[PDB]
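Chemist: Residue numbers (my numbering): 21 to 497.
The C-beta atom is built at its ideal place from N, Cα and C for all residues, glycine as well.
First, the structure itself, so that you have it in front of you.
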């Protein structure tokens, strides 16, 4: 009857039963209550994002007025005083990416106190223009705890499951791709390699095949947007921890680029290695005769050698380091650096080989993919020298998703690796590192400046010829 409905309605109006969506807001509120540091700021941006999403979906909900006010109080707390200076740019980002906004927010707090003026605007501009900082949903839902490894993706292979499985199992029986686990009931692979790491193993056909089917599954998950297979894998299948770690590291690298532009002594680099300094180094070099004396000039009051490699052949650097390893050793060199290999994926494999004398399948596949001579590693091990991988984790692609940010990111991250691995060897120990010529020079783009490897390590960029003649390459202005 109408009485029963009248009573039901009076009860409903007084104690509005809580939907799933409003429950999410209350849960998120508790997080604002309990969290500390940057977590509390992120939780506050995420509270706001939940409120906006709620009001959008329940336009005529009675709860909107009290949620709106809550949203303004939160916003007022966050952007009080000088923090309002960066508010418009940070809040616009917080609309889609609360954790990202919170990181920038912490930087803006410092900028309000007068640290690194300009960094905040730089981070905001990257967040808007770098395709890799765009909103990335990734894989949502429960992920297994069993895996002996950190999953980077959880990819539903659908129709490509059987092929992927075959080539994965062929790979695993040859010691490759061990950090991958199949769940047949959902046709998914839990995958412990990044897109870029896999690409570095495709000298092995079985990996190349597995990689091919992985990519097909990705393309089929998103046929409509123009996203590459790599970007699709992130936005649709990335583990959430992996996403955070990517976003975090990219923000770190932007700060790195910023600091390096102010703290690198480029004035002194140009005095030593341009103009008169260059003329003088070139003259002293040309008067020396043979490998021994050229080395002594190049390493005189310098921590190492930087040798350029050109796209195509000119593998003269790789050849030289191998054939003349003894002459390098006698001049104090104890470390050989290769931009050809990625530090995260390769260094554990390299180190285990130098310790045990046993080369893993995985390293053997990487060397093959990169066309590196196994004898370099044997000659290094026999000579007591360490080989170190110098590249970061992103695409070497001079084009990455259509902007300059991929280029700057790689140069930034490679600069950091170089400083950590090459810049402070024990007293007397020198290095020889081989870089592609693009990293040796500075990046002077409209979208930002990055010091060259040369600038960061206070060294000239070198070229070695078919007859072991060194020359100093002029700075790319």
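Which of helix, strand or coil does DSSP assign to residue 83?
Modeler: Residue 83 sits at position 63 when you count from the first residue of the chain shown. Three-state DSSP puts residue 83 in coil, outside helix and strand.
Chemist: So, is residue 404 buried or exposed, given that buried needs 16 or more other C-beta atoms within 10 angstroms?
Modeler: Mapped onto the chain shown, residue 404 falls at position 384. That one is exposed.
Chemist: Which runs of the beta strand (DSSP E) at least 3 residues long sit entirely within the region 366-426? Give them in chain order.
Modeler: Here the runs fully enclosed are 406-411.
Chemist: Smallest Cα separation from residue 495: which of 200, 358, 462?
Modeler: Sequence index remark: in the chain shown, residue 495 carries index 475 (1-based). When only C-alpha atoms are compared, the closest one is 462.
Chemist: Residue 69 and residue 118 look like a contact to me (Cβ under 8 Å); what is the Cβ gap, rounded to whole Å?
Modeler: Position 49 of the chain shown holds residue 69. Position 98 of the chain shown holds residue 118. The Cβ separation is near 6 Å, so the contact holds.
Chemist: Return the chain-ordered list of same chain residues with a C-beta closer than 8 Å to the C-beta of residue 482, the five sequence neighbours on each side being excluded.
Modeler: Position 462 of the chain shown, counted from the start, is the residue given in the question as residue 482. Counting only Cβ-Cβ distances below 8 Å, and skipping sequence neighbours, we find 318, 325, 326, 327, 328, 490, 491, 492, 493.
Chemist: Going by beta carbon distance, what residues of the same chain come within less than 6 Å of residue 60, once the five residues before and after it are set aside?
Modeler: The sequence position of residue 60 within the chain shown is 40, counting from 1. None.
Chemist: From what residue to what residue does the beta strand (DSSP E) around residue 122 run?
Modeler: Position 102 of the chain shown, counting from 1, holds the residue named residue 122. It is not in any beta strand (DSSP E) - residue 122 instead sits in the alpha helix (DSSP H) that spans 118-132.
Chemist: Helix, strand or coil for residue 456, going by three-state DSSP, please let me know.
Modeler: For the purposes of this step, residue 456 is taken as the residue at position 436 of the chain shown. DSSP places residue 456 in strand when its eight states are reduced to three.
Chemist: Please give me, in chain order, every unbroken run of the alpha helix (DSSP H) with length at least 4 that falls completely inside the region 249-300.
Modeler: For the region 249-300, whole alpha helix (DSSP H) runs of length 4 or above, ordered along the chain, are 249-252, 260-283, 286-293.
Chemist: Mapping the DSSP letters down to three states, classify residue 32 as helix, strand or coil.
Modeler: Working through the chain shown from its first residue, we reach residue 32 at position 12. The answer is helix: DSSP assigns residue 32 an H, G or I state.
Chemist: Which whole runs of the alpha helix (DSSP H) in the region 149-212 are 4 residues long or more, in chain order?
Modeler: Complete alpha helix (DSSP H) runs here, min 4: 181-192.
Chemist: Quick check: the Cα distance between residue 43 and residue 85, rounded to an integer number of angstroms?
Modeler: Taking the first residue of the chain shown as 1, we reach residue 43 at position 23. Taking the first residue of the chain shown as 1, we reach residue 85 at position 65. Roughly 17 Å separates the two Cα atoms.
Chemist: Since residue 506 and residue 176 are thought to touch, with beta carbons under 8 Å apart, how far apart are those beta carbons, to the nearest angstrom?
Modeler: Nothing in the structure corresponds to residue 506, since the chain is present only between 21 and 497.
Chemist: Using only alpha-carbon positions, find the residue among 340, 359, 315 that is nearest to residue 352.
Modeler: For the purposes of this step, residue 352 is taken as the residue at position 332 of the chain shown. Looking at the Cα atoms, 315 is the closest of the given residues.
Chemist: Tell me whether residue 220 is buried or exposed, calling it buried when 16 or more other Cβ atoms sit within 10 Å of its Cβ.
Modeler: On the chain shown, position 200 is the one that residue 220 refers to. Its Cβ being crowded by 16 or more others within 10 Å, residue 220 is buried.
Chemist: Could you tell me the boundaries of the alpha helix (DSSP H) in which residue 475 lies?
Modeler: Translated into the one-based positions of the chain shown, residue 475 becomes position 455. It spans 473-477 - the alpha helix (DSSP H) in which residue 475 sits, taken as one unbroken run.
Chemist: Could you tell me how far apart the beta carbons of residue 222 and residue 231 are, in whole angstroms, since I believe they sit closer than 8 Å?
Modeler: For the purposes of this step, residue 222 is taken as the residue at position 202 of the chain shown. For the purposes of this step, residue 231 is taken as the residue at position 211 of the chain shown. Yes, residue 222 and residue 231 are in contact; Cβ-Cβ is about 6 Å, under 8 Å.
Chemist: Identify every residue that forms a DSSP beta bridge with residue 481.
Modeler: Residue mapping note: residue 481 aligns to position 461 of the chain shown, counting from 1. Residue 481 is bridged to 493.
Chemist: Pairs of beta-carbons, one from the region 377-390 and one from the region 333-352, closer than 8 Å: are there three or more?
Modeler: Counting Cβ pairs under 8 Å, fewer than three are found: no touch.
Chemist: So the alpha helix (DSSP H) residue 337 belongs to, where does it begin and stop?
Modeler: In the chain shown, residue 337 corresponds to position 317, counting from 1. Taken as a continuous stretch (DSSP letters only), the alpha helix (DSSP H) holding residue 337 covers 336-343.
Chemist: Is it the case that the Cβ atoms of residue 259 and residue 252 are separated by a distance below 7 Å?
Modeler: Along the chain shown, read from residue 1 onward, the residue named residue 259 stands at position 239. Along the chain shown, read from residue 1 onward, the residue named residue 252 stands at position 232. No.
Chemist: Give me the DSSP bridge partner(s) of residue 500.
Modeler: Since the first residue of the chain shown is 21 and the last is 497, residue 500 is not available in this structure.
Chemist: Assign residue 265 to buried or exposed, taking buried as 16 or more other Cβ atoms, counted over all protein chains shown, within 10 Å of its Cβ.
Modeler: Position 245 of the chain shown, counting from 1, holds the residue named residue 265. That one is exposed.
Chemist: So, at 6 Å on beta carbons, what are the nonlocal neighbours of residue 420 in its own chain, with the 5 sequence-adjacent residues on each side left out?
Modeler: Within the chain shown, numbered from 1, the residue matching residue 420 stands at position 400. These residues qualify, in order along the chain: 426.
Chemist: Could you give the distance in angstroms between the alpha-carbon of residue 380 and the alpha-carbon of residue 401?
Modeler: The residue labelled residue 380 in the question sits at position 360 within the chain shown. The residue labelled residue 401 in the question sits at position 381 within the chain shown. Going from the Cα of residue 380 to the Cα of residue 401 covers about 15 Å.
Chemist: Report yes if the CB atom of residue 470 is closer than 7 Å to the CB atom of residue 433, and no otherwise.
Modeler: Start at 1 with the first residue of the chain shown, and residue 470 comes out as number 450. Start at 1 with the first residue of the chain shown, and residue 433 comes out as number 413. Contact flag unset, no.
Chemist: Which same chain residues end up closer than 8 Å to residue 192 when comparing Cβ atoms and leaving out the 5 residues on each side of it in sequence?
Modeler: Looking up residue 192 in the chain shown gives position 172. Excluding positions up to five away in sequence, the list reads 198, 200.
Chemist: Residue 16 by DSSP, collapsed to three states: which one?
Modeler: No statement about residue 16 is possible, as the shown extent of the chain runs from 21 to 497 and does not include it.
Chemist: Less than 7 Å between the C-beta atoms of residue 133 and residue 311, yes or no?
Modeler: As a working mapping, residue 133 is identified with position 113 in the chain shown. As a working mapping, residue 311 is identified with position 291 in the chain shown. The answer is no: Cβ separation not under 7 Å.
Chemist: Just checking my contact of residue 46 with residue 63 at CB under 8 Å: how many whole Å lie between their CB atoms?
Modeler: Translated into the one-based positions of the chain shown, residue 46 becomes position 26. Translated into the one-based positions of the chain shown, residue 63 becomes position 43. Their Cβ separation, rounded to whole angstroms, is 13 Å, which puts residue 46 and residue 63 out of contact at 8 Å.
Chemist: Return the first residue and the last residue of the beta strand (DSSP E) that residue 323 is part of.
Modeler: Translated into positions along the chain shown, residue 323 becomes position 303. It is not in any beta strand (DSSP E) - residue 323 carries neither H nor E in the DSSP assignment.
Chemist: Just mark residue 196 as buried or exposed, buried being the case when its beta carbon has 16 or more other beta carbons within 10 Å.
Modeler: As a first step, residue 196 is located in the chain shown; it is residue number 176 there, counting from the start. Buried: at least 16 other Cβ atoms inside 10 Å.
Chemist: Could you tell me whether the Cβ atoms of residue 116 and residue 151 are closer together than 7 Å?
Modeler: The count along the chain shown starts at 1 and reaches residue 116 at position 96. The count along the chain shown starts at 1 and reaches residue 151 at position 131. For residue 116 and residue 151, no; Cβs fall outside 7 Å.
Chemist: In the DSSP assignment, what are the bridge partners of residue 12?
Modeler: The structure shown does not extend to residue 12, since the chain is modelled only from 21 to 497, so the question has no answer here.
Chemist: Give a yes or no on whether the C-beta atoms belonging to residue 190 and residue 226 are separated by under 7 Å.
Modeler: Locating residue 190 in the chain shown gives position 170, where the first residue counts as 1. Locating residue 226 in the chain shown gives position 206, where the first residue counts as 1. In this structure, residue 226 lies closer than 7 Å to residue 190 by Cβ.
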